[PDB]
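**Q** Coordinates in work.txt, compact mmCIF, C-alpha atoms and all ligand atoms, are listed below.
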# COMPACT_ATOMS: atom_id res chain seq x y z
CA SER A 1 0.00 0.00 0.00
CA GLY A 2 0.92 3.64 -0.42
CA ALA A 3 0.09 6.86 -2.22
CA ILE A 4 1.60 10.15 -3.42
CA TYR A 5 -0.01 13.35 -1.99
CA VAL A 6 0.78 16.26 -4.27
CA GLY A 7 -1.34 19.47 -4.14
CA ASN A 8 -4.99 18.39 -3.86
CA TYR A 9 -4.34 15.00 -5.53
CA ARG A 10 -3.84 11.46 -4.22
CA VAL A 11 -2.03 9.07 -6.64
CA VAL A 12 -2.52 5.37 -6.08
CA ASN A 13 -2.23 2.06 -7.94
CA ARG A 14 -5.47 1.77 -9.91
CA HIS A 15 -6.02 -1.82 -8.77
CA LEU A 16 -5.87 -0.69 -5.07
CA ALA A 17 -8.14 2.43 -5.42
CA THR A 18 -10.93 2.60 -2.80
CA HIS A 19 -14.60 3.48 -3.38
CA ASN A 20 -13.86 7.02 -2.12
CA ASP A 21 -11.04 7.34 -4.75
CA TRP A 22 -13.40 6.24 -7.57
CA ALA A 23 -16.15 8.58 -6.20
CA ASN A 24 -13.74 11.60 -6.29
CA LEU A 25 -11.94 10.62 -9.49
CA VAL A 26 -9.69 13.01 -11.40
CA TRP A 27 -7.99 10.60 -13.89
CA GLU A 28 -7.34 6.86 -14.35
CA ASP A 29 -5.47 4.70 -16.83
CA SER A 30 -5.71 0.89 -16.77
CA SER A 31 -2.69 0.43 -19.10
CA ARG A 32 -0.51 2.32 -16.50
CA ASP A 33 -2.03 0.87 -13.25
CA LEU A 34 -2.62 4.49 -12.08
CA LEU A 35 -5.55 6.41 -10.59
CA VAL A 36 -5.66 9.97 -9.18
CA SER A 37 -8.44 11.20 -6.85
CA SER A 38 -9.10 14.65 -5.31
CA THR A 39 -8.34 15.45 -1.65
CA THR A 40 -9.71 17.99 0.84
CA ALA A 41 -6.32 18.76 2.42
CA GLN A 42 -3.22 19.76 0.41
CA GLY A 43 -0.28 17.29 0.41
CA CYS A 44 3.49 17.84 0.82
CA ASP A 45 5.03 15.62 -1.88
CA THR A 46 6.85 17.12 -4.87
CA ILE A 47 6.90 15.27 -8.22
CA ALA A 48 10.29 14.98 -9.91
CA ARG A 49 10.50 16.59 -13.41
CA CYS A 50 13.60 14.96 -14.92
CA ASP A 51 15.04 11.92 -16.70
CA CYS A 52 16.93 10.37 -13.70
CA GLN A 53 17.65 6.64 -13.88
CA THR A 54 18.96 6.31 -10.29
CA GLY A 55 16.99 6.68 -7.10
CA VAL A 56 15.73 5.01 -3.93
CA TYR A 57 12.54 2.97 -3.35
CA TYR A 58 10.67 1.83 -0.29
CA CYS A 59 10.14 -1.94 0.08
CA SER A 60 7.51 -2.65 2.74
CA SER A 61 8.21 -6.43 2.68
CA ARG A 62 11.76 -5.69 3.94
CA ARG A 63 10.98 -2.44 6.00
CA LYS A 64 13.83 -0.92 3.99
CA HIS A 65 14.68 1.64 1.38
CA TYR A 66 17.02 0.50 -1.39
CA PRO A 67 19.12 2.48 -3.86
CA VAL A 68 18.50 1.31 -7.47
CA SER A 69 19.19 2.03 -11.14
CA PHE A 70 15.99 1.82 -13.22
CA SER A 71 15.04 1.77 -16.89
CA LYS A 72 13.25 4.68 -18.65
CA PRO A 73 9.42 4.31 -18.78
CA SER A 74 8.43 1.67 -21.42
CA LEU A 75 5.62 -0.70 -22.57
CA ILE A 76 6.51 -4.02 -20.85
CA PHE A 77 5.03 -7.50 -20.78
CA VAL A 78 4.54 -8.31 -17.13
CA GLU A 79 4.56 -12.08 -16.42
CA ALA A 80 1.89 -14.03 -14.54
CA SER A 81 2.42 -14.85 -10.86
CA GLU A 82 0.70 -16.81 -8.02
CA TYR A 83 -1.34 -13.62 -7.39
CA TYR A 84 -1.99 -11.73 -10.70
CA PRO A 85 -2.23 -12.56 -14.42
CA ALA A 86 0.12 -11.68 -17.30
CA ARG A 87 -0.55 -8.27 -18.88
CA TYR A 88 1.05 -5.41 -20.81
CA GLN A 89 1.71 -2.26 -18.72
CA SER A 90 2.81 1.11 -20.23
CA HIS A 91 4.96 3.85 -18.59
CA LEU A 92 6.69 1.19 -16.48
CA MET A 93 10.29 1.37 -15.24
CA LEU A 94 12.21 -1.76 -14.10
CA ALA A 95 14.96 -2.25 -11.56
CA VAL A 96 16.71 -5.25 -9.96
CA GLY A 97 15.25 -5.60 -6.48
CA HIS A 98 12.80 -7.29 -4.18
CA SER A 99 9.06 -6.79 -4.39
CA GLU A 100 5.86 -8.60 -3.36
CA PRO A 101 2.23 -7.60 -4.06
CA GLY A 102 1.78 -5.64 -0.82
CA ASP A 103 4.80 -3.52 -1.80
CA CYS A 104 2.53 -1.70 -4.34
CA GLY A 105 2.44 2.02 -3.60
CA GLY A 106 5.97 2.30 -2.19
CA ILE A 107 7.65 5.51 -3.44
CA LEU A 108 10.62 5.62 -5.80
CA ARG A 109 12.40 9.02 -5.41
CA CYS A 110 15.37 10.80 -6.95
CA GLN A 111 17.15 14.04 -6.16
CA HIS A 112 14.24 15.98 -7.81
CA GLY A 113 11.33 14.37 -5.89
CA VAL A 114 8.89 11.49 -6.38
CA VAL A 115 9.46 9.53 -9.60
CA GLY A 116 6.80 6.80 -9.30
CA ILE A 117 5.26 4.05 -7.18
CA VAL A 118 5.88 0.28 -6.99
CA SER A 119 3.44 -1.51 -9.31
CA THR A 120 4.94 -4.89 -10.53
CA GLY A 121 7.46 -7.52 -9.44
CA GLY A 122 8.74 -11.02 -8.93
CA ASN A 123 11.66 -12.94 -10.54
CA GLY A 124 14.07 -10.51 -8.78
CA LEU A 125 12.72 -7.38 -10.45
CA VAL A 126 10.64 -4.46 -9.23
CA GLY A 127 8.59 -2.30 -11.59
CA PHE A 128 7.48 1.28 -10.93
CA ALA A 129 4.64 3.22 -12.54
CA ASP A 130 6.09 6.60 -13.65
CA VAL A 131 4.36 9.86 -12.74
CA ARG A 132 6.97 12.39 -14.01
CA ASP A 133 5.09 12.97 -17.28
CA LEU A 134 1.80 13.94 -15.48
CA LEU A 135 2.60 17.67 -15.46
CA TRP A 136 -0.97 18.63 -14.49
CA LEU A 137 -0.31 17.21 -10.99
CA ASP A 138 1.62 20.51 -10.36
CA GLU A 139 -1.29 22.86 -11.17
CA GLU A 140 -4.87 23.87 -10.07
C1 LIG A 201 4.40 -5.15 -6.77
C2 LIG A 201 4.27 -6.62 -7.10
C3 LIG A 201 5.29 -7.50 -6.74
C4 LIG A 201 5.19 -8.87 -6.94
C5 LIG A 201 4.04 -9.36 -7.54
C6 LIG A 201 2.98 -8.51 -7.93
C7 LIG A 201 1.98 -9.40 -8.42
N1 LIG A 201 2.38 -10.66 -8.34
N2 LIG A 201 3.64 -10.62 -7.82
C8 LIG A 201 4.41 -11.85 -7.67
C9 LIG A 201 3.12 -7.13 -7.72
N3 LIG A 201 2.12 -6.22 -8.23
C10 LIG A 201 0.75 -6.45 -8.24
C11 LIG A 201 -0.15 -6.00 -9.26
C12 LIG A 201 -1.38 -6.44 -8.83
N4 LIG A 201 -1.19 -7.10 -7.65
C13 LIG A 201 -2.21 -7.69 -6.78
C14 LIG A 201 -1.96 -9.16 -6.41
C15 LIG A 201 -2.48 -9.26 -4.95
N5 LIG A 201 -2.46 -7.87 -4.49
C16 LIG A 201 -2.18 -6.97 -5.44
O1 LIG A 201 -1.97 -5.77 -5.26
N6 LIG A 201 0.13 -7.11 -7.26
ZN ZN A 202 15.44 13.24 -10.94
Go ahead and express the file in the form of structure tokens.
Ligand SMILES: Cc1ccc2c(cnn2C)c1Nc1ccn([C@H]2CCNC2=O)n1
Ligand SMILES: [Zn+2]
**A**
Amino acid sequence: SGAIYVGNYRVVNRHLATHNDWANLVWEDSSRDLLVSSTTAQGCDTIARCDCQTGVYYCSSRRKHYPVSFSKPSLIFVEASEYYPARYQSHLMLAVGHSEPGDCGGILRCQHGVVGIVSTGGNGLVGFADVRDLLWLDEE
């Protein structure tokens, strides 16, 4: 679990969005595993606006943050697992690292701010849904 709180927006994995998120929806995209809902209180997170490929992510299944190198956002075939079927996911970045389903929502950050959230994994990889291209998160 986990979310990004930027301005009056809450960014979560689409497959973990609550009824309140869907009832206060701003934007959603099934191909990216992302959903953004509106919030009453303003949040403190800053979104990175950059092309970094190194950063740090939070892994809840280890209670640890790890430094990683990650690929630029791409359309990737995500393999099937014990818990979720195979599917194509766009705007996804991959790194070598540990992740389990409950790690979804952990933040990946670079020197410029939040880059994305954990969205895929297994087989020794962790995948993050990018948010750096959603420039509208910074306005209104
Ligand atoms: C982050 C990560 C890591 C390992 C992962 C997955 C999925 N199967 N494995 C081995 C994963 N992502 C997803 C995407 C959809 N989910 C469902 C599955 C049960 N709870 C969820 O949130 N998990
Ligand atoms: Zn950066």
**Q** Given a cut-off of 9 Å, what residues near ligand LIG 201 (chain A) show up using all atoms listed in the file, put as number ranges by chain?
**A** A: 1, 13, 15-16, 33, 79-85, 98-106, 118-123, 125-128
**Q** Quick one: everything within 7 Å of residue 56 in chain A, counting all atoms listed in the file, minus sequence neighbours fewer than 5 positions away in the same chain. Send it as number ranges by chain.
**A** A: 65-68, 108-110
**Q** Using only C-alpha atoms, find the one residue out of A:69, A:42, A:30, A:20 that sits nearest to residue 54 in chain A.
**A** A:69
**Q** Neighbours of ligand ZN 202 (chain A) at 8 Å or closer, counting all atoms listed in the file: which residues, as a list in words?
**A**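 For ligand ZN 202 (chain A), the residues inside 8 Å are residues 48, 49, 50, 51, 52, 53, 54, 55, 109, 110, 111, 112, 113 and 115 of chain A.
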**Q** Counting only C-alpha atoms, which residues come within 7 Å of (9.0, -0.2, -21.8), with the point read in the file's coordinates, and could you list them as a PDB file with C-alpha atoms, keeping the file's coordinate frame?
**A**
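File produced: point.pdb:
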ATOM      1  CA  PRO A  73       9.420   4.310 -18.780  1.00  0.00           C
ATOM      2  CA  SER A  74       8.430   1.670 -21.420  1.00  0.00           C
ATOM      3  CA  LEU A  75       5.620  -0.700 -22.570  1.00  0.00           C
ATOM      4  CA  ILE A  76       6.510  -4.020 -20.850  1.00  0.00           C
ATOM      5  CA  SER A  90       2.810   1.110 -20.230  1.00  0.00           C
ATOM      6  CA  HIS A  91       4.960   3.850 -18.590  1.00  0.00           C
ATOM      7  CA  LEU A  92       6.690   1.190 -16.480  1.00  0.00           C
ATOM      8  CA  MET A  93      10.290   1.370 -15.240  1.00  0.00           C
TER       9      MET A  93
END
**Q** For a test of reading the model, state the distance in Å between CA of residue 11 in chain A and CA of residue 124 in chain A, rounded to one decimal.
**A**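 Interatomic distance, CA of residue 11 in chain A to CA of residue 124 in chain A: 25.4 Å.
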**Q** I'd like to know which of A:10, A:89, A:57, A:114 is closest to residue 31 in chain A, using all atoms listed in the file.
**A**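 Using all atoms listed in the file, the shortest distance to residue 31 in chain A belongs to A:89.
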**Q** Which of these residues is nearest to residue 21 in chain A, using all atoms listed in the file: A:38, A:117, A:130, A:6?
**A**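 Ranking A:38, A:117, A:130, A:6 by distance to residue 21 in chain A, first place goes to A:38.
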**Q** Taking into account all atoms listed in the file, which residue in the set A:129, A:78, A:61, A:137 is nearest to residue 7 in chain A?
**A** A:137
**Q** Let me have the centre and edge lengths of the axis-aligned box enclosing all listed atoms of range 20-32 of chain A with 4 Å padding on every side, in Å to one decimal, as JSON.
**A**
{"center_x": -8.3, "center_y": 6.7, "center_z": -10.6, "size_x": 23.6, "size_y": 20.6, "size_z": 25.0}
**Q** Is there a way to get, as a list in words, all residues within 8 Å of the point (-4.9, 20.6, -0.1) in file coordinates, counting all atoms listed in the file?
**A**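 Answer for this query, in the requested form: residues 7, 8, 9, 39, 40, 41, 42 and 43 of chain A.
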